[PDB]
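Okay, so here's the structure we're looking at.
For reference, chains read A, B, C, D, E, F, G, H, I and J in written order, and residue numbers begin at 1 within each chain.
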Amino acid sequence: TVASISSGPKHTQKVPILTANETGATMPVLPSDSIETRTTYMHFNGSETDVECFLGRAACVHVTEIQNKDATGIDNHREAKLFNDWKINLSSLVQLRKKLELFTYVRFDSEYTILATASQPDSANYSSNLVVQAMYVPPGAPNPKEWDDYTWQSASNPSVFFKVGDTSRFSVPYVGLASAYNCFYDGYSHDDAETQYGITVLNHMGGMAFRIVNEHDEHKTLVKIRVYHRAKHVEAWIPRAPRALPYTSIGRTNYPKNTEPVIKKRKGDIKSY
Amino acid sequence: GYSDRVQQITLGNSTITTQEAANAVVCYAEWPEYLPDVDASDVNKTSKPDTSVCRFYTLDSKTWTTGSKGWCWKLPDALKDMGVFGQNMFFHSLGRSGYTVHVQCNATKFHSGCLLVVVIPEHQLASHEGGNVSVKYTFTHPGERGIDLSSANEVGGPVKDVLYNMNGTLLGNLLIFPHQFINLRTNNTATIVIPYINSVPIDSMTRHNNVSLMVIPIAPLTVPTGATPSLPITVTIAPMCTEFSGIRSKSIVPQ
Amino acid sequence: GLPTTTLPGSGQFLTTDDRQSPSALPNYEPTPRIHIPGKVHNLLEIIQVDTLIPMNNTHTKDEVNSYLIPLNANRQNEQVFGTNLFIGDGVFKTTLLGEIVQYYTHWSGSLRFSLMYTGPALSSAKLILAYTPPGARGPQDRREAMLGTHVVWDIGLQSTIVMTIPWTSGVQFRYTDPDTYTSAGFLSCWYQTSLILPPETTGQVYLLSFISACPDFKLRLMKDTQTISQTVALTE
Amino acid sequence: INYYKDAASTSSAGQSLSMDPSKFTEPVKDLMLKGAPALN
Amino acid sequence: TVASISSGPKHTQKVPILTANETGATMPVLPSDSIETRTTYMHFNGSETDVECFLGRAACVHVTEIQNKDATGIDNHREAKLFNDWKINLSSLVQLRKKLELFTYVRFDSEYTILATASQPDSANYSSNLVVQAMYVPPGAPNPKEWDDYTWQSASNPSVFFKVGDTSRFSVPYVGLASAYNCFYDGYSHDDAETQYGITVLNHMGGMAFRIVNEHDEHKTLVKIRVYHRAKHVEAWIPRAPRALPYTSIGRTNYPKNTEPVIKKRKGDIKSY
Amino acid sequence: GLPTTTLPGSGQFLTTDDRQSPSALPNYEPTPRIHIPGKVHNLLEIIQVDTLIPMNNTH
Amino acid sequence: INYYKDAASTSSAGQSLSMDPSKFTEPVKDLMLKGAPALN
Amino acid sequence: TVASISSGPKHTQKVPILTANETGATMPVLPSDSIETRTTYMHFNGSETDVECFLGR
Amino acid sequence: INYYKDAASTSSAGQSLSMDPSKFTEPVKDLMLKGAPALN
Amino acid sequence: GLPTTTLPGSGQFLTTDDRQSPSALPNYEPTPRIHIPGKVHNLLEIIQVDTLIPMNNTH
């Protein structure tokens, strides 16, 4: 492939460099339309800019935490982190979010990796070996109330059991209701005067519940869960302007008030180098 | 001029005619047939009394009144005393059979009411006591009398609550079982052909009933003004393709 | 010795994975299969059998009576019953259809709603059933109702009427569990002319109503049902 | 590839792709045609 | 495959929507019999509703517990949980039970996964590493009396040894005596006047015995066993009405007295939306 | 039983590696794709569209 | 070699090697030739 | 393989059920030598009683 | 596939499928026919 | 290095499984078999030989 062809002096009536940008086109002008060039080859394919590659590496999408401790006398397991739960979503952390929102609709399979590490912040004789159980609780299915409810039987709901310190990995097909996931949605769930605006209403994915299977030892053990997400088989439509201001909320476009100028001011003139 | 409506079933030395039928159901779309060798286990040649057992026995009649809750019969129990069918039953170790069930209830074009006639394979009843109380033998072997769902709880008997099918499931879903309605305005009989359904090729006829026939009023009986407020319901049932095997001394069963 | 590397996920137990295992009983011979009528292969086979809907839900303890929709003689213009179409909740919820839908997260497809009339043979009636697609409110009078999917039913010799709620939807799947965005409409029924009883007859007549799914139907993404739970393991 | 000798040890079965609701939805003895009258 | 064909106005003598439900049939009526439709395709196969899929994921079927402690002076090992035992059964926990009882007879191979985790509720210097030994004690074979009986030799009885914290997995062929397992049985074991009713008499599967192989350390260690069961090669006959009331017992259909109405009462009229 | 040896790196999680995984939802059927104008395949496709430069940065 | 049955479980996809910026860079209704005048 | 063949009434001079155990043999008598039987197949091979299986765990 | 060189290292043997009880059930010198008299 | 994943059950010992193992005595030559009357192949062969029943159990 040639990156530049050889081109010499020109004295024409045919001027490729004068255009009318009002038309909305970006005319494909090249170095050889306005200087004299020599042949050179590309030596490159643009492999690593493919959208599959761009969205295809694992990104941290969520960090939660649960603890193993005596539940005796706990009136609210959920509240004691005896078993946390996460409202699956993909905009809670921002590195990956800005990347996805370069597109309007996106379609892909997900590969999740879940790393779990334990901490024992206060005096323990040892490090126990805990097994985590993460359940998929899609919307419409009983959601766990205690850390050892009938729910955890999970007879119809996919669940994975792995050890703290290890990693769990599995992959979920594209579960969207439509043909693509909306990265943006300028609508409501119905014509209500006070219903919420955004995608929050569309990206109804349900939540995922984690717990330790082990009963309690004499000390307490903090287990912190990190969920990583990798898109595989990516398809993206309609590019948009990149995010400039900071994010404030999952699912709304809102930016913070009295934010700071995002364009760097010159130290000098327009004329400055 | 054949209508879905008029029918004749002749089986053995007995015939039934209905002039107001609503087709007939054949459970799971299969018609009763004898036991093939490829499916056989017991090495004994079986006995097939044919026409002496495969005829129509009419059980004693019930009375549908505005307060009726529904009735339940078990097979082969209901027939335990009918003619030679019954003798064969007590005298062989094993037996197998399909049936034609014909439920009858006629009224006039001023009455309203609708019965559900359903056959439930393996209808294990529940104790009204709860917990793990069992349902004694006698209670699940009412004979031709069947069980009257509007009778009182008894001790060691089953629960007789209709919205729960006598087992913890809702009346509304009984329609997943082969069934037919008798709607006075349409229908006057219900006919169901039952093929033999079991997890073994042949079984004992006394320790295990393999279907319960259930007739349940769903739209209450409503008679014309100053009519007598009740109608009789009659059940006639015929064993079909019956086979008995392992003949001997003659079972003695509780009560 | 062949060189290997183990990946993330090694040693995990995923209740949904499908692999080979050693048999604990090497060489054992299972009992022969015999033929049994009734084999089921797909849950899609059974949700096409219709079952009764306790439409008359207004009672206070479960009763045979909540399966009966009453009809009044001589009323004109008025409304017989109304319900939204959240098949995973409300009237639908205990029906076989409702009961299976609850094992899945998403459903799509047409529903078949039929009404069987049980009044005396010498009576007559004309009813209108209307399906209102998502976007409008439950109709408030027949005029409103009749502008959407509807069937004038003429009560006759043929006892049942089968109304289909054709799949009307932007999004190709809806959640079973009540979602707004994903909502399916309303179903109402009104007198078209009116029920008329013959002489010597009196009182209310009832309709029985069934629901089953058309061959159209799709259910996906299995999950656990809210319809059953427990507090301690059972024992014998 | 089965690594094991016994059939019980193989993975899950593969979709019936059988599907025939008529034993449940139309177990009537005389065939009913849609469109023809139910009761003649 | 078409999901709907195109159909237009109709003015016929041929009415597919009038039927007689008294017959017991559900006539196959479609949208196109009563409105005007357009062609649409199914795009779907019904894969995930196959009974193999429905019953084919692991469900928790049993949680038991045994402890490792000094048996010195224990008069009843079984009673000290020096080795518990489980009367194999598949209706003790209900999520999977309701699923199976949608059918009358069911036939399948089982794949068992056994997860074992340890707990040290009171002061230990460390976490020991215990090996569990689960034995299959079918009916007719000596059942263990102490945690270290000749029984555990298990010379003819399949047994698996795995480590606490790990998982054991093996698969057992369909061991039923008949052609299918009865999900229901309206019979007795014989015509006795007082014999038990139900399947309890039919589902004679024997029990499975667990113990720790390790002798005791200075502290005590609680090991809790969870048995998961996955049906593979499923065959199911005769569908039944789903379970509506709660369960009370393994193997009987009995429901609790003064249970609550299972059908939700309307907040409003029959006419309400 | 086939003899193996594990190499350095076993058990690591590299966010950039690309391998197979078990599907948590065996047999599930995704929604059909419909056509949507605008598909992007390479970031190289979009950086050829011109956009305005805030050249007058002096504010 | 796929070891798994479902398509979601396969590794990353392989390069589009599609690449056609004209839907974005030249969505004009009447075709513009470089070198010819922009507005005639 | 048949487990039992079909066999009917017999009135013979050929009695397979009378033997002399003093000989040391176990004569191979079957159900069909003394009752009327119907055909049935074995459906079984005797796999799990092979001595390799018996001593092999 | 055997991964090992020695025969002892291979898995269990496979069913004799030999089966001949006559060395045990009928070790008589003169053949006895069922149905013929035992002692002539 | 070929990528692997280990499944549930790894490391377990099931007394009934049947796999290959290294021989501790590489290259050893077992004693030749000679003929011995009486070989048994199936327990089904022997349960067809009749034996006496202590029917008179009353002692």
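By our rule, contacts are C-beta pairs under 8 Å (C-beta built on N, C-alpha and C of every residue); 3 or more make two chains touch, one makes a residue touch a chain.
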Using just the Cα atoms, superpose subunit D onto subunit I and tell me the rotation angle to the nearest 5°. 70
Per-chain C-alpha mean nearest global C-alpha mean belongs to chain E
Equivalent of I-J within the choices F-I or F-G, defined by over half of its residue contact pairs recurring: F-G
In whole angstrom, how far does the Cα centroid of subunit A sit from the Cα centroid of subunit F? 11
Roughly how far is subunit F from subunit G, going centre to centre by Cα mean, in whole Å? 16
Mind checking the centre-to-centre distance between subunit A and subunit D? Centres are C-alpha means, answer in whole Å. 43
Chain centre separation (subunit E, subunit J; CA means) in Å: 33
If I count partner chains per residue in subunit G, which residues reach a count of at least 2? 5-6, 8-12, 16, 19, 24-25
Sites on subunit B at which at least two other chains make contact: 4, 22-23, 25, 27-30, 121, 132, 170, 173, 176, 178, 181, 183, 186, 197, 199-200
Where subunit F touches two or more other chains, by residue: 1-4, 7, 9, 11, 13, 18-19, 21-29, 31-32, 37-38, 41-42, 44, 46, 48-49
Touching residues on subunit F, where the partner in the complex is subunit I: 1-3
For a test of understanding, state which residues of subunit A touch subunit G in their complex under the given definition. 14-16, 18-20, 23-29, 33, 45-47, 50-53, 56, 109, 171-174, 232-234, 239
Across the complex, what residues on subunit C touch subunit H? 25-29, 31-32
Over in the complex, which subunit E residues touch subunit F? Could you list them? 43-45, 47-48, 50, 53, 56-57
Residue numbers of subunit H touching subunit E in their complex, please. 57
